[PDB]
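*Asks:* experimental structure below, sequence on top.
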Amino acid sequence: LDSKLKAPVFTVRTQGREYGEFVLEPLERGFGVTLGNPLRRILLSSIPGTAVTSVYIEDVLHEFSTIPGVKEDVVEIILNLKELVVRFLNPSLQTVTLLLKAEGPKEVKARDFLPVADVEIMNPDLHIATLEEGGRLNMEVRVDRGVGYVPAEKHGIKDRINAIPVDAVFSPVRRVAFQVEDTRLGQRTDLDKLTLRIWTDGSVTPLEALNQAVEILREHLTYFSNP
Amino acid sequence: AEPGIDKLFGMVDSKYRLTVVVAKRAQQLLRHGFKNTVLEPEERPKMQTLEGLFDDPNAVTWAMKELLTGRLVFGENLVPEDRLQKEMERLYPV
Amino acid sequence: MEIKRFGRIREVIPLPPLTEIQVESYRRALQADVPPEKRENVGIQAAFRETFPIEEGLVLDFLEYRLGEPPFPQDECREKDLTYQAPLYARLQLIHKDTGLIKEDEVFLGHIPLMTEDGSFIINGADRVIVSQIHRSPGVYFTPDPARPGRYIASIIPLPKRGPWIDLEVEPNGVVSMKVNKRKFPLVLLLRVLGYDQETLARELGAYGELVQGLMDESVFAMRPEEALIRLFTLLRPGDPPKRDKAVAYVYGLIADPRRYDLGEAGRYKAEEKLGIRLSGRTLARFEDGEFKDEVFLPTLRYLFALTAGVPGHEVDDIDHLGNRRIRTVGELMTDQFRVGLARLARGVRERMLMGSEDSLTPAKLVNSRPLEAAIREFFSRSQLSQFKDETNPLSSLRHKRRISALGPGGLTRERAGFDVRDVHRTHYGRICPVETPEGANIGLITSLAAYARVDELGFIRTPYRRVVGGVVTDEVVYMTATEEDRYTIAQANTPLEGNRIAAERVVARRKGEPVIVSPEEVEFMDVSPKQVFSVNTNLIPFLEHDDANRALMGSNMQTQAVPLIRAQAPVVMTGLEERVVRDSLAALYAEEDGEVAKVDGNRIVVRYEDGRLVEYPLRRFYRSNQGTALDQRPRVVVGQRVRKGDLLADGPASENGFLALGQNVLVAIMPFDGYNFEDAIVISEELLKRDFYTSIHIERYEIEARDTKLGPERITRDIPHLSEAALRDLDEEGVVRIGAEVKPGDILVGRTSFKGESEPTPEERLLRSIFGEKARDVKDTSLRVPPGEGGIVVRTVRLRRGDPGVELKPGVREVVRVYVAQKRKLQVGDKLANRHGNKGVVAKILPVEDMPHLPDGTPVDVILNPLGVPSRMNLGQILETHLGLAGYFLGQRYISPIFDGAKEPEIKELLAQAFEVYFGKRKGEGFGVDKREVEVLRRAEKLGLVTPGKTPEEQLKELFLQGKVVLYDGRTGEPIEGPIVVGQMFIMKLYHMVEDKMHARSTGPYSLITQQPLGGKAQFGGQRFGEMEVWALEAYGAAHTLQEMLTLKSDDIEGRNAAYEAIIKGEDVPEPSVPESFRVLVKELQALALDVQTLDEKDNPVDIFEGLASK
Amino acid sequence: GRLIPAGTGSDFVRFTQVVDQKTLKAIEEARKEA
Amino acid sequence: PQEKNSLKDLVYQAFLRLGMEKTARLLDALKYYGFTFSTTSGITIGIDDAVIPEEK
Amino acid sequence: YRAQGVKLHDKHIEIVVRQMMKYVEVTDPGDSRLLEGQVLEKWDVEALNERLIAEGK
Amino acid sequence: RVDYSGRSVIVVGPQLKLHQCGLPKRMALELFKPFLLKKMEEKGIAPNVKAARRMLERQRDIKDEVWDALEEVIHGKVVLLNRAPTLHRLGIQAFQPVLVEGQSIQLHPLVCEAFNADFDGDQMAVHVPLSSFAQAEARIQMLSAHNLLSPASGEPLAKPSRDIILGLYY
Amino acid sequence: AXXXXXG
Amino acid sequence: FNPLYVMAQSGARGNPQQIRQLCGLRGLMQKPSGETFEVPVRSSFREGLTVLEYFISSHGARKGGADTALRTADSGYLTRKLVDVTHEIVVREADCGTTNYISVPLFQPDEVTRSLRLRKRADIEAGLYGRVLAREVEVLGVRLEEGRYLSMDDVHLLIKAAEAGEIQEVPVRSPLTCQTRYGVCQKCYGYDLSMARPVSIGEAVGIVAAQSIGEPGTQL
DNA sequence: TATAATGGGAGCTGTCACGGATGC
DNA sequence: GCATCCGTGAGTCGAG
Ligand SMILES: [Mg+2]
Ligand SMILES: [Mg+2]
Ligand SMILES: [Zn+2]
């Protein structure tokens, strides 16, 4: 009947700003998935981030058109624009518009975007497009702060008539995996070992992500306080 | 699977020779109390107990890892038997 | 709760008494209630009449017999390890022919086992069952000759151990041959012995031209009946002097002697019906007025020739036909052994008659009862048909008594058993269940008596039908044999009826087993019920028509293995047979007449009837069965309750309110779960353990003896050398563990000391002795301890001692002590669960309740069954059972769904609709709408085409619910299962195969005497067998050292195993193997065969494996 | 109860020896001495 | 879709290219995800799941 | 085996068949000690015959 | 018949890695018993071997530390699981034992096909190879994870089946 | 009685 | 996505006949005499059988059960005979140096006797796989060398060649022609099929053969 | 240690397929 | 040259 046991030790394994592994053991029976699932849900849906929500390109009507002088189609450019990782230096800032104008033979990278105050580009070596001789690319991209994943048709934002709405990938967290393995402390054989695996884009580290995630949860627990 | 089993099988012309080598080597480790090991202090196979990581008691695990290092010589008619025995007894008493 | 029953078929007659096959048989054999002068010539009376009179001039004759009352009641016999039996006295009279002196006395022949009320026996305290045997009915058969087509064999078969089979065959050389005791001789010779003139045989057999010419031999007719007789005697007995009276003796004993040669009454009847004749006696001939007269032989020869010729009205015989196969029940078998023992007693009688003094001989001096006693005892102990009764649950006993076996004495051996006899013959219909048989080597050889089936006085299985005249079905019920059934057109039991008249233009019937569509004018008879086709077990499987036969077999067999549960419940879906089984099995206690309940106790129920008499019923409480299952009766009534006749007073084991309860009704979801239900494994909720579902009581009996030895007496005492008070804690003053104590492996049940074997202490022992200054005790600790893996609470102690009143043990035994230990077994991982449809699985995982899939209302499922077990198995009955089970869950009702007259999909759909309203409308009123998860699942199901698009969420959820599917939430996530899952109530049983009984391990232990190999079996603390095939596995792996260890270090290499153990406790690697002892045993056993086996080296020089110990 | 002439019991593989470079060198010097 | 044959071929080819250690890891992975997805797939058996075609 | 859908390599069956062909029967003894109709191992009669051929017998 | 052997009911192992089997604690305590006495002496658990054995005699006399001792004893070692009939060599396979609570042996799903084993009540025998040699043969040659492919057809004998295929297909 | 364990 | 259909198609559970018996119909049934009974069972297991139908199916069920039960023993006996005959055969050397070999046919006479038809893929695999080439083979501009262990890809290649009319038969080292005493050699045996590489010397080949033939025995 | 006594007594019957030794 | 006799085989654990 008598039950008294020690609080679990939190173990951390981190490689760069991209990836981390988080081990929590021992836990009481079942608590491995009790902690793991909500955190996974929060980590994917609710973690604050940035995304490209809209794109305008000169002489381009719709998304499925092509660009004379450029090999990639408008589709492929928008894809690369989704992989763009933008970090806002200031909390006040909500939305930005980044302009890119280039021509001649060139391979356009994310670094080529004209710098904005308190806006950092985490992946400057990301390849947006290649331009040929006579190839002309003039474009403006709409970058917003939000959470989770919003398809293009859901926000549907347009600054002008030719602006193409882009699926907004807000989540700095790319993937969350967790697994519970049986572990034993002394004669207690049903105990849980929680392991979390988090992939981010580097804008927010996995440890930062997990910390933000557990805070959101705790704050939601305070909502049962005053009826 | 045993770690690096494919390379181990790669080392011999017959898998059963790998077995004979590993076994004899492990018996050598047991007889001399792992004093004859070719593994550096940080290559030592570890077992996790309640207190902390200690030396893996298992001589076969050892023998296989040693074999993987390449620091072991195997073959037929390397040394007369009792000479090998006595020399290992000299270098590593029991 | 309400019990709703389906089906339109009204059964005209109830099931016959299910144990009658045992009871009426044995009662018929004993004739104990019949006053001696009114007894018939059947039974043990028959055996007396065959044995006596005993002649050769003294003559011992038999007047009558009597059976006394049993010296002890059944219970007392069970406890004292006695046999429930009655003393058998026989009134005999010795008559000296010359003197005329008649001495008459009643002699005591010993005891005969009495059958209990339920149709079982008590032999040495253990309950046994004599299983009915099936065999070829005696008579005259005609079978196709397998070698030569156009020719046939005529076989004359008597009862077993009743004399020789006789074959008649037309030889390629044209003459008719007779085979007796493997002797082929011309039949015409025996024909001449019977006194047949060539003229009579010519006029009789003349109608068949070619054959009778082959019958004609003039060298035989030139002889006389005497000369022919002596000729035949010289043919059957080479070297034996051909004396006339000796030849007469031999031939009489071979053919006409009723005591040596016996066709059964059935053999008599069948011979008569087949050969179209009338038999005087039960033999093939007679000795009348000094000569022999023929009975069977000539009609047999006539029929054989007629069949060979092609004459109409002559056919071969189907030996597997159930008209040609009969049953020997308890009475016949016991009577047979009685006849044998009696014959031996007679031999002894003739001995004493010749040897004893001529002036005074009483029947008491002439009769030694011992051989008879031995015969009976042998039958009830070492016979293959005498089996340890299966009491696991009441249905197990009931089913065991109804078993039929083709094996045993006078029966088949599994080698001689081919596909034909194991087949389901068409004639098994209504007689022998097509379903319930063992899966393995005994398949088709061990079968079960059908529910409505009855064995007639001749031993043939009969099934009921109903007379149909002019399309009108009467209530007249007729039991026919298969032969009689073959004569009619019999309609199916489901043929539509309005009143007593059949209304269909076309009806489905059987003619000689052949399915045929006939008009009502053609219907002679009609089945009583689908129930009659199957056994009592198979009849307990609802929706049987939806299950493949192969799994029905498994469900049937497994119901026998169901363990009585403390909380046991009747199935939510029953077949309607659940109460009759409880009643007939004598499991439950019932009210004798209409009355009022006076007293209710755990131990007792006292009832006052209309007679004003007070009748007290003791309840059997926590008694141990043969299988160790607890059999106990609980009162189901209360003080002051009025009870009518046949009312339930008390529930026995596996009975819930008079309904058979073999298991629990649990809430199942059919889905895969994380591989834990992979390959028939089953996942259960810990909630089942919490509420004590599938918990069963088991009682184990331990026994120890203290005996007189030559080294001094063993004694049962509390004084045990070298033992602390911690070990003697629970031992009473006398040394026996006290009732109520908890025992674990290693604990002493009974203290015992034994005087040490004579030994001179080794110098080590002597020095240690002097060092510690303690005298070596002359007794050692032999005490009985709790074996590994066992334990419980001690509920009983029995102590019997020499010198105690009413107690006498076997010679040399001072005292015997028994200890009964009870244990409450919760369901655990590795325990076997099964349903009635053949779905079996071992529990692989027990999840906490929060991990369980649950309904949107927060209700967790009990059991998770993998759907992958359904399609290949083809038992859909369990699915239907689940669906209906779902309905009855929310309606709170149970169902009776008779086999083949069932609940049908639409009806289950209606019930499911009502149930859905109960399951949902409640929510709608509670102020909750449709859940988001429910919406997602509805979208999914809408893509699967499960629900119609455009309907409201409620409409769609109802659409699913009618398919027996519901939305289910993962307890670990909270997200719903993507598809809707089948969920409902299923009846699942805990089988007698329990991992607690089967788990065994050994490092070292006892070894065999000669071979020095480990003993086998858990009880002996034995090692696992590594057999030829395991050896082949190791060889195939090329693992030489593992194998060599198996062959030497771990088994019979003495030095090797010792040195290995010591090496391991020391921490050294194991030493090199030596010669396995059994090889030395081989060498020495070959030497005893006068063969010299020499182990040699490469120099061909001898090597001594016995190390000089075998050489002088 | 003898070791079978197959697998690890094959004459082909069963006489095989194992030695470390340390002991091999030491023995090599024991040979080089005489 | 991945069925018995394609999975078997996958295992064999993985044996050939990557060896038995990696093939063993692969096997365990396939095991894990297989069981996992089978759990939540919504696979079950009702009486209406045996669909009698009208063509019959 | 194919009929029942059992994939099995020819090699094994070949091993067995090889053991089935293991023996020979002498038609003529030649200069040897053997007898007509004497059954022996193919390897043994071949070794014998190579010894005889080498001997010139 | 052999020593250092046992048997029990089998139960599915889905959490087990291919080279592992669940082995009930008590079975292991008995099978490895001499090793366990030795390891009990190597620690303060018992004064000597005989004391350790007398301690393991009664079930109530044994304590927590002996189980950890047993855990150290079996480390790296394998046991041979076997299911009758043994039709081909894969009727016996080697596994690293993982001590489990309960009386049932846990078998890995992927090897079931090769043993022709299922969860309907099948039982299996355990055997402990004693020598360094036997153990080496068991781990190198007989390890479950080292035989993927059929010795007969050359096709994989350890492959997805049942629920695994079901989910992946799904 | 054998096969896959009905009895 | 029907459960029965998915389970069947995937290879998880069920074949077409069982699914058929569940949905369409139970089918033709057998009399005890072994002859097929005229009228079939028109009911599936969903609709449920009539008593008479059930009983008619019972004969077949029993026949199959007895078939199994009595099959196990004969299979076992066969296996023991095979093991006893092959047990001494082990791989005792790398090469016996034999020049002898066998030729595996890629084609077989058609049942109509008209011509030669390509053998089934599985048959050719079972005869060519992991074998050592006894002689050089040049097909489709590819050189498969003498002494080469044929991989599965090599086999498929040879089959393509056969379809292209380049090769009708493959010369191969075989236990049949091996001259190794008391066993076989490495080259004549070829692959250890379990390891998909050449067999190790010391492998007990006879036991593996006997078990490989014996194990399926109860499926016959 | 003495009347005279003088050749026994159960079989067990529904497999099968082979191989090898005798008999027309 | 071919019928017929006799002898000898006929699965593995488990428990009993
Ligand atoms: Mg847990
Ligand atoms: Mg099974
Ligand atoms: Zn070769």
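*Replies:* Done, it's in. Residues are numbered from 1 along each chain as shown, chains lettered A, B, ... in the order given. Ligands and ions are numbered 1, 2, ... in the order given.

*Asks:* how close does the one residue in chain I that gets nearest to chain A get to residue G:25?
*Replies:* Residue nearest to chain A within chain I (CB to the nearest CB): residue I:12, separated by 24.5 Å. Every residue, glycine included, has its C-beta placed from N, CA and C. Note on residue I:12: its distance to residue G:25, by CB to CB, to the nearest Å, is 34 Å.

*Asks:* neighbour-wise, which of the two wins?
*Replies:* residue I:12 (30 against 16; other CB atoms under 10 Å in any protein chain shown).

*Asks:* that one in helix, strand or coil?
*Replies:* coil (DSSP: H, G, I helix; E, B strand; the rest coil).

*Asks:* who's in contact with it?
*Replies:* C:868, E:4, G:161, G:162, G:163, G:165, G:166, G:169, I:6 (CB atoms under 8 Å, 6 or more residues apart in numbering or on different chains).

*Asks:* name the nearest residue to it, sequence neighbours excluded.
*Replies:* residue G:166 (4.3 Å; CB to CB, 6 or more residues apart in numbering or on different chains).

*Asks:* verify the stated contact: the one you found with residue I:3.
*Replies:* No. If you go by CB atoms under 8 Å, residue G:166 and residue I:3 don't touch, sitting 9.5 Å apart.

*Asks:* any common contacting residues for the two?
*Replies:* Counting by CB under 8 Å, 6+ apart, the residues touching both residue G:166 and residue I:3 are residue E:43.

*Asks:* quick revisit: looking at this, the residue nearest to residue I:12 is in a helix?
*Replies:* Yes. Under three-state DSSP, residue G:166 sits within a helix.

*Asks:* state the distance from it to residue C:680.
*Replies:* Taking CB to CB, one finds residue G:166 at 15 Å from residue C:680.

*Asks:* residue C:1055 now?
*Replies:* 46 Å.

*Asks:* tell me which of those two has more neighbours.
*Replies:* residue C:680 (23 against 14).

*Asks:* using PDB, write out every CA atom in the helix ranked longest in chain B.
*Replies:* As assigned by DSSP state H, the longest helix anywhere in chain B is helix B:15-31. Presented in PDB, the C-alpha positions along helix B:15-31 are these (Å, rounded to 0.1, in the frame of the first residue of the first chain):
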ATOM      1  CA  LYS B  15      31.600 -18.000 -39.800                       C
ATOM      2  CA  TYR B  16      32.500 -20.900 -37.600                       C
ATOM      3  CA  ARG B  17      36.100 -19.700 -37.500                       C
ATOM      4  CA  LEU B  18      34.700 -16.400 -36.200                       C
ATOM      5  CA  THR B  19      32.900 -18.300 -33.500                       C
ATOM      6  CA  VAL B  20      36.000 -20.300 -32.500                       C
ATOM      7  CA  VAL B  21      38.100 -17.100 -32.400                       C
ATOM      8  CA  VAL B  22      35.600 -15.200 -30.300                       C
ATOM      9  CA  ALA B  23      35.200 -18.100 -27.900                       C
ATOM     10  CA  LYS B  24      38.900 -18.800 -27.400                       C
ATOM     11  CA  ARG B  25      39.600 -15.100 -27.000                       C
ATOM     12  CA  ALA B  26      36.800 -14.800 -24.400                       C
ATOM     13  CA  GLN B  27      38.200 -17.700 -22.400                       C
ATOM     14  CA  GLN B  28      41.600 -16.000 -22.600                       C
ATOM     15  CA  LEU B  29      40.000 -12.800 -21.100                       C
ATOM     16  CA  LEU B  30      38.300 -14.800 -18.300                       C
ATOM     17  CA  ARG B  31      41.400 -16.700 -17.400                       C
END
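
*Asks:* next SSE after it?
*Replies:* Per DSSP states H and E, the first helix or strand lying C-terminal to helix B:15-31 is strand B:46-48.

*Asks:* right, is that next one up against chain G?
*Replies:* Yes. Judged by CB under 8 Å from any CB of the partner chain, strand B:46-48 comes into contact with chain G at residue B:47.

*Asks:* touching that strand from outside, list them.
*Replies:* B:53, B:54, B:55, B:56, B:57, B:58, G:72, G:75, G:76.
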